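J.: Next up, start.txt (compact mmCIF, N, CA and C atoms).
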# COMPACT_ATOMS: atom_id res chain seq x y z
N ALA Y 1 0.83 -1.20 0.00
CA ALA Y 1 0.00 0.00 0.00
C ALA Y 1 0.86 1.25 0.00
N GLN Y 2 2.14 1.07 0.34
CA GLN Y 2 3.07 2.19 0.35
C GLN Y 2 3.36 2.68 -1.07
N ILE Y 3 3.52 1.76 -2.02
CA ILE Y 3 3.82 2.09 -3.41
C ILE Y 3 2.61 1.93 -4.31
N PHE Y 4 1.87 0.86 -4.13
CA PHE Y 4 0.86 0.32 -5.03
C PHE Y 4 -0.54 0.53 -4.46
N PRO Y 5 -1.61 0.48 -5.35
CA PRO Y 5 -2.92 0.69 -4.74
C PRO Y 5 -3.55 -0.57 -4.20
N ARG Y 6 -4.85 -0.55 -3.95
CA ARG Y 6 -5.48 -1.72 -3.33
C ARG Y 6 -5.63 -2.90 -4.28
N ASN Y 7 -6.00 -2.65 -5.54
CA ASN Y 7 -6.18 -3.71 -6.52
C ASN Y 7 -4.90 -4.02 -7.30
N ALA Y 8 -3.73 -3.71 -6.73
CA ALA Y 8 -2.47 -4.12 -7.33
C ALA Y 8 -2.32 -5.63 -7.33
N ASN Y 9 -2.80 -6.30 -6.28
CA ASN Y 9 -2.82 -7.75 -6.25
C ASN Y 9 -3.69 -8.31 -7.37
N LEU Y 10 -4.86 -7.70 -7.58
CA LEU Y 10 -5.76 -8.09 -8.67
C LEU Y 10 -5.10 -7.93 -10.03
N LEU Y 11 -4.50 -6.76 -10.26
CA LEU Y 11 -3.89 -6.47 -11.55
C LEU Y 11 -2.65 -7.31 -11.80
N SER Y 12 -1.90 -7.65 -10.75
CA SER Y 12 -0.71 -8.47 -10.92
C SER Y 12 -1.06 -9.93 -11.21
N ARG Y 13 -2.04 -10.49 -10.47
CA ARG Y 13 -2.50 -11.84 -10.77
C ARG Y 13 -3.09 -11.93 -12.17
N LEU Y 14 -3.89 -10.93 -12.55
CA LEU Y 14 -4.46 -10.89 -13.88
C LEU Y 14 -3.39 -10.68 -14.95
N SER Y 15 -2.30 -9.98 -14.62
CA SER Y 15 -1.24 -9.74 -15.59
C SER Y 15 -0.40 -10.98 -15.84
N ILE Y 16 -0.05 -11.72 -14.78
CA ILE Y 16 0.66 -12.99 -14.96
C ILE Y 16 -0.20 -13.99 -15.72
N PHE Y 17 -1.50 -14.06 -15.38
CA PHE Y 17 -2.42 -14.93 -16.11
C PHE Y 17 -2.56 -14.51 -17.57
N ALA Y 18 -2.65 -13.20 -17.81
CA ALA Y 18 -2.78 -12.69 -19.16
C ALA Y 18 -1.53 -12.92 -19.98
N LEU Y 19 -0.35 -12.84 -19.36
CA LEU Y 19 0.89 -13.15 -20.07
C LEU Y 19 0.92 -14.61 -20.51
N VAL Y 20 0.50 -15.52 -19.62
CA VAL Y 20 0.40 -16.93 -19.99
C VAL Y 20 -0.59 -17.12 -21.14
N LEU Y 21 -1.74 -16.44 -21.06
CA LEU Y 21 -2.77 -16.59 -22.08
C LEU Y 21 -2.37 -15.97 -23.42
N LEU Y 22 -1.63 -14.85 -23.43
CA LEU Y 22 -1.16 -14.32 -24.71
C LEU Y 22 -0.03 -15.14 -25.30
N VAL Y 23 0.79 -15.79 -24.47
CA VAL Y 23 1.76 -16.75 -25.02
C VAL Y 23 1.04 -17.91 -25.70
N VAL Y 24 0.02 -18.47 -25.02
CA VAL Y 24 -0.78 -19.56 -25.57
C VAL Y 24 -1.51 -19.11 -26.83
N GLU Y 25 -2.03 -17.88 -26.82
CA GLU Y 25 -2.75 -17.36 -27.97
C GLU Y 25 -1.84 -17.06 -29.14
N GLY Y 26 -0.62 -16.57 -28.90
CA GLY Y 26 0.31 -16.35 -29.99
C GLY Y 26 0.77 -17.65 -30.63
N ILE Y 27 0.97 -18.69 -29.81
CA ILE Y 27 1.24 -20.03 -30.36
C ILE Y 27 0.05 -20.51 -31.19
N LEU Y 28 -1.17 -20.24 -30.72
CA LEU Y 28 -2.37 -20.61 -31.47
C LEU Y 28 -2.49 -19.83 -32.77
N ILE Y 29 -2.10 -18.55 -32.76
CA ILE Y 29 -2.08 -17.71 -33.96
C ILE Y 29 -1.12 -18.28 -34.99
N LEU Y 30 0.10 -18.61 -34.56
CA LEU Y 30 1.12 -19.13 -35.47
C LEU Y 30 0.72 -20.47 -36.05
N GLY Y 31 0.19 -21.36 -35.20
CA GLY Y 31 -0.24 -22.66 -35.68
C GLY Y 31 -1.42 -22.59 -36.63
N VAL Y 32 -2.40 -21.73 -36.31
CA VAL Y 32 -3.58 -21.58 -37.16
C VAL Y 32 -3.19 -20.98 -38.50
N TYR Y 33 -2.32 -19.96 -38.49
CA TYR Y 33 -1.91 -19.34 -39.75
C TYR Y 33 -1.08 -20.29 -40.60
N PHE Y 34 -0.23 -21.12 -40.00
CA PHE Y 34 0.51 -22.06 -40.82
C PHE Y 34 -0.34 -23.24 -41.28
N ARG Y 35 -1.53 -23.43 -40.74
CA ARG Y 35 -2.38 -24.50 -41.24
C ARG Y 35 -3.59 -23.93 -41.92
N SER Y 36 -3.62 -22.62 -42.07
CA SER Y 36 -4.82 -21.98 -42.57
C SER Y 36 -5.06 -22.33 -44.04
N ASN Y 37 -6.34 -22.31 -44.42
CA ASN Y 37 -6.73 -22.47 -45.81
C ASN Y 37 -6.35 -21.27 -46.66
N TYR Y 38 -6.03 -20.13 -46.06
CA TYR Y 38 -5.45 -19.03 -46.82
C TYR Y 38 -4.00 -19.32 -47.19
N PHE Y 39 -3.22 -19.83 -46.23
CA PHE Y 39 -1.79 -20.02 -46.42
C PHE Y 39 -1.52 -21.09 -47.47
N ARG Y 40 -2.13 -22.25 -47.33
CA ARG Y 40 -1.91 -23.34 -48.26
C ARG Y 40 -2.82 -23.28 -49.47
N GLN Y 41 -3.70 -22.27 -49.55
CA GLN Y 41 -4.66 -22.06 -50.63
C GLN Y 41 -5.57 -23.28 -50.82
N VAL Y 42 -6.21 -23.67 -49.73
CA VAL Y 42 -7.04 -24.86 -49.68
C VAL Y 42 -8.50 -24.43 -49.74
N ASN Y 43 -9.28 -25.12 -50.58
CA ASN Y 43 -10.68 -24.81 -50.87
C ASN Y 43 -10.84 -23.40 -51.42
N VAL Y 44 -9.86 -22.97 -52.20
CA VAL Y 44 -9.90 -21.69 -52.91
C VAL Y 44 -9.85 -22.01 -54.39
N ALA Y 45 -10.89 -21.60 -55.12
CA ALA Y 45 -11.00 -21.89 -56.55
C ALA Y 45 -10.15 -20.88 -57.31
N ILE Y 46 -8.91 -21.26 -57.58
CA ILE Y 46 -7.95 -20.34 -58.17
C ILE Y 46 -8.27 -20.16 -59.65
N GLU Y 47 -8.42 -18.90 -60.06
CA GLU Y 47 -8.96 -18.57 -61.37
C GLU Y 47 -7.92 -18.79 -62.46
N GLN Y 48 -8.30 -19.52 -63.49
CA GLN Y 48 -7.53 -19.82 -64.68
C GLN Y 48 -7.85 -18.82 -65.79
N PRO Y 49 -6.94 -18.62 -66.75
CA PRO Y 49 -7.18 -17.59 -67.78
C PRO Y 49 -8.28 -17.92 -68.78
N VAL Y 50 -8.80 -19.14 -68.82
CA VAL Y 50 -9.91 -19.47 -69.70
C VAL Y 50 -11.19 -19.77 -68.93
N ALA Y 51 -11.09 -20.09 -67.64
CA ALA Y 51 -12.16 -20.69 -66.84
C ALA Y 51 -12.67 -21.96 -67.52
N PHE Y 52 -11.78 -22.95 -67.58
CA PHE Y 52 -12.18 -24.30 -67.90
C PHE Y 52 -13.15 -24.80 -66.83
N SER Y 53 -14.13 -25.59 -67.25
CA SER Y 53 -15.09 -26.18 -66.32
C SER Y 53 -14.93 -27.69 -66.35
N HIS Y 54 -14.42 -28.25 -65.26
CA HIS Y 54 -14.39 -29.70 -65.11
C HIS Y 54 -15.79 -30.27 -64.88
N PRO V 1 -11.78 -19.95 -45.79
CA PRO V 1 -12.23 -20.47 -47.08
C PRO V 1 -12.80 -21.87 -46.92
N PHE V 2 -14.09 -21.96 -46.61
CA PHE V 2 -14.76 -23.25 -46.47
C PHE V 2 -14.83 -23.98 -47.80
N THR V 3 -15.15 -25.27 -47.72
CA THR V 3 -15.23 -26.12 -48.90
C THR V 3 -16.34 -25.62 -49.82
N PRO V 4 -16.05 -25.39 -51.10
CA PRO V 4 -17.06 -24.83 -52.00
C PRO V 4 -18.21 -25.78 -52.23
N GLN V 5 -19.39 -25.20 -52.42
CA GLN V 5 -20.60 -25.95 -52.72
C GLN V 5 -20.76 -25.95 -54.23
N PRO V 6 -20.31 -26.99 -54.94
CA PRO V 6 -20.37 -26.97 -56.40
C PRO V 6 -21.80 -27.17 -56.87
N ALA V 7 -22.29 -26.24 -57.69
CA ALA V 7 -23.69 -26.10 -58.08
C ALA V 7 -24.20 -27.34 -58.80
N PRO V 8 -25.25 -27.99 -58.28
CA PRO V 8 -25.71 -29.27 -58.83
C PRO V 8 -26.24 -29.11 -60.25
N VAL V 9 -25.59 -29.79 -61.19
CA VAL V 9 -25.84 -29.53 -62.60
C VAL V 9 -27.18 -30.15 -63.01
N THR V 10 -27.74 -29.63 -64.10
CA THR V 10 -28.98 -30.14 -64.65
C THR V 10 -28.83 -30.25 -66.16
N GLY V 11 -29.95 -30.52 -66.82
CA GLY V 11 -29.92 -30.91 -68.21
C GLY V 11 -29.53 -32.37 -68.37
N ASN V 12 -29.47 -32.81 -69.62
CA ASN V 12 -28.98 -34.15 -69.88
C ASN V 12 -27.48 -34.22 -69.64
N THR V 13 -27.01 -35.39 -69.26
CA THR V 13 -25.59 -35.63 -69.06
C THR V 13 -25.14 -36.74 -69.99
N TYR V 14 -23.84 -37.02 -69.97
CA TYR V 14 -23.28 -38.10 -70.77
C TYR V 14 -23.71 -39.47 -70.30
N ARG V 15 -24.19 -39.59 -69.05
CA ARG V 15 -24.45 -40.90 -68.46
C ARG V 15 -25.59 -41.63 -69.13
N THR V 16 -26.60 -40.92 -69.64
CA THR V 16 -27.74 -41.57 -70.27
C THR V 16 -27.32 -42.31 -71.54
N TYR V 17 -26.59 -41.62 -72.43
CA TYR V 17 -26.05 -42.25 -73.63
C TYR V 17 -25.03 -43.33 -73.28
N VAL V 18 -24.25 -43.12 -72.22
CA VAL V 18 -23.18 -44.05 -71.87
C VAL V 18 -23.77 -45.37 -71.38
N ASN V 19 -24.75 -45.33 -70.48
CA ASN V 19 -25.30 -46.60 -70.02
C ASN V 19 -26.27 -47.20 -71.03
N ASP V 20 -26.86 -46.39 -71.92
CA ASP V 20 -27.62 -46.95 -73.03
C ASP V 20 -26.72 -47.75 -73.97
N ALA V 21 -25.54 -47.20 -74.30
CA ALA V 21 -24.60 -47.94 -75.13
C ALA V 21 -23.94 -49.09 -74.38
N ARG V 22 -23.81 -48.98 -73.05
CA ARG V 22 -23.27 -50.08 -72.27
C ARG V 22 -24.25 -51.24 -72.21
N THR V 23 -25.55 -50.94 -72.19
CA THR V 23 -26.56 -51.97 -72.41
C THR V 23 -26.47 -52.52 -73.83
N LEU V 24 -26.29 -51.64 -74.81
CA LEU V 24 -26.22 -52.03 -76.22
C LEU V 24 -24.99 -52.86 -76.55
N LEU V 25 -23.95 -52.80 -75.72
CA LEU V 25 -22.74 -53.57 -76.01
C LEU V 25 -22.89 -55.02 -75.60
N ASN V 26 -23.36 -55.28 -74.38
CA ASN V 26 -23.63 -56.65 -73.95
C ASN V 26 -25.09 -57.00 -74.24
N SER V 27 -25.56 -58.09 -73.64
CA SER V 27 -26.98 -58.40 -73.44
C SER V 27 -27.75 -58.67 -74.72
N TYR V 28 -27.06 -59.03 -75.80
CA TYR V 28 -27.61 -59.50 -77.09
C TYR V 28 -28.48 -58.39 -77.69
N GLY V 29 -29.52 -58.72 -78.45
CA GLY V 29 -30.45 -57.74 -78.97
C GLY V 29 -30.44 -57.68 -80.49
N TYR V 30 -31.32 -56.82 -81.00
CA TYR V 30 -31.53 -56.65 -82.43
C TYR V 30 -31.36 -55.18 -82.80
N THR V 31 -31.39 -54.92 -84.10
CA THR V 31 -31.39 -53.56 -84.64
C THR V 31 -32.19 -53.58 -85.94
N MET V 32 -31.98 -52.55 -86.78
CA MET V 32 -32.69 -52.38 -88.04
C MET V 32 -32.41 -53.51 -89.03
N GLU V 33 -31.14 -53.81 -89.29
CA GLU V 33 -30.82 -54.83 -90.29
C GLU V 33 -29.87 -55.89 -89.77
N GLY V 34 -29.11 -55.61 -88.71
CA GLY V 34 -28.17 -56.56 -88.15
C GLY V 34 -28.88 -57.76 -87.56
N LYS V 35 -28.27 -58.94 -87.70
CA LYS V 35 -29.00 -60.17 -87.41
C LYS V 35 -29.15 -60.40 -85.91
N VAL V 36 -28.12 -60.07 -85.12
CA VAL V 36 -28.16 -60.13 -83.65
C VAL V 36 -26.96 -59.34 -83.14
N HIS V 37 -27.14 -58.59 -82.05
CA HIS V 37 -26.01 -57.99 -81.34
C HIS V 37 -25.18 -59.09 -80.70
N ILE V 38 -24.04 -59.40 -81.29
CA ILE V 38 -23.07 -60.27 -80.64
C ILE V 38 -22.35 -59.42 -79.60
N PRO V 39 -22.34 -59.81 -78.33
CA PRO V 39 -21.83 -58.92 -77.29
C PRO V 39 -20.31 -58.78 -77.31
N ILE V 40 -19.87 -57.60 -76.88
CA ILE V 40 -18.45 -57.36 -76.63
C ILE V 40 -18.01 -58.26 -75.48
N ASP V 41 -16.81 -58.84 -75.61
CA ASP V 41 -16.15 -59.95 -74.88
C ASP V 41 -16.67 -61.30 -75.37
N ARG V 42 -17.65 -61.32 -76.27
CA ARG V 42 -18.00 -62.53 -77.00
C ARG V 42 -17.69 -62.27 -78.47
N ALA V 43 -18.09 -61.10 -78.96
CA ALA V 43 -17.66 -60.67 -80.29
C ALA V 43 -16.18 -60.37 -80.31
N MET V 44 -15.62 -59.96 -79.16
CA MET V 44 -14.18 -59.75 -79.04
C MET V 44 -13.44 -61.07 -79.17
N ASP V 45 -13.94 -62.11 -78.49
CA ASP V 45 -13.36 -63.45 -78.61
C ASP V 45 -13.52 -63.99 -80.02
N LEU V 46 -14.66 -63.71 -80.66
CA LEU V 46 -14.83 -64.15 -82.04
C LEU V 46 -13.92 -63.40 -83.00
N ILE V 47 -13.65 -62.12 -82.76
CA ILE V 47 -12.88 -61.38 -83.76
C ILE V 47 -11.39 -61.71 -83.61
N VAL V 48 -10.96 -62.12 -82.41
CA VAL V 48 -9.59 -62.65 -82.35
C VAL V 48 -9.57 -64.07 -82.92
N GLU V 49 -10.66 -64.82 -82.77
CA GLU V 49 -10.68 -66.21 -83.22
C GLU V 49 -10.67 -66.33 -84.75
N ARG V 50 -11.48 -65.54 -85.46
CA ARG V 50 -11.31 -65.51 -86.91
C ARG V 50 -10.21 -64.55 -87.32
N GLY V 51 -9.69 -63.76 -86.39
CA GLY V 51 -8.46 -63.03 -86.58
C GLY V 51 -8.64 -61.78 -87.44
N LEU V 52 -7.73 -60.85 -87.24
CA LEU V 52 -7.57 -59.83 -88.25
C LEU V 52 -6.47 -60.26 -89.21
N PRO V 53 -6.52 -59.83 -90.47
CA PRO V 53 -5.41 -60.11 -91.39
C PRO V 53 -4.11 -59.47 -90.91
N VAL V 54 -3.01 -60.18 -91.13
CA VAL V 54 -1.69 -59.73 -90.73
C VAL V 54 -0.88 -59.48 -91.99
N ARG V 55 -0.36 -58.26 -92.13
CA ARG V 55 0.51 -57.82 -93.23
C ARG V 55 -0.07 -58.03 -94.62
Translate the structure of the given file into structure tokens.
T.:
Amino acid sequence: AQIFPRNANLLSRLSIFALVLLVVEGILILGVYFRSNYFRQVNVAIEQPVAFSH
Amino acid sequence: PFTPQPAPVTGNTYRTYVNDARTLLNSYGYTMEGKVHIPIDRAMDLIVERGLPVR
């Protein structure tokens, strides 16, 4: 209470928890983007110069 | 990018003519002037048996 306010305990516990969760979320971001259908161009009908129809 | 929903086609397709001719190939039958439909894999055996001319 000399330096910090009353909810410093609240903010510090939430900050350590949030740091763990953003590490987990950044790993989830990297994994999702490297497996994404945008990255590997999966289920994307890539346009050909004639538009052949199979 | 979800899996595309390919639009279900209509009109006639190749399958009607294809299975009509697949029926017409086996299973004997008649026509306008031909004496009998000799089936493929029986007419095939006959045409190798009387042979094609060689050279």
J.: What are the nearest atom pairs, with distances in Å to one decimal, for all residues of chain V that come at most 7 Å from chain Y, using only C-alpha atoms, set out by chain and rising residue number as a tab-separated table?
T.:
residue	atom	partner	partner_atom	distance
V:1	CA	Y:43	CA	6.0
V:2	CA	Y:43	CA	6.2
V:3	CA	Y:43	CA	5.1
V:4	CA	Y:43	CA	6.5
J.: Report the distance between atom C of residue 15 in chain V and atom C of residue 46 in chain Y in Å, rounded to one decimal place.
T.: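 About the pair atom C of residue 15 in chain V and atom C of residue 46 in chain Y: they are 29.2 Å apart.
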J.: Using Å and a single decimal, report how far CA of residue 16 in chain Y sits from CA of residue 32 in chain Y.
T.: 24.2 Å
J.: Extract, using all atoms listed in the file, all DNA, RNA and protein residues at most 8 Å from residue 26 in chain V, discarding same-chain residues fewer than 6 positions from it, and format them as JSON, numbers by chain.
T.: {"V": [37, 38, 39, 40, 41, 42]}
J.: Which value, in Å to one decimal, gives the distance between CA of residue 40 in chain Y and atom N of residue 53 in chain Y?
T.: 22.7 Å
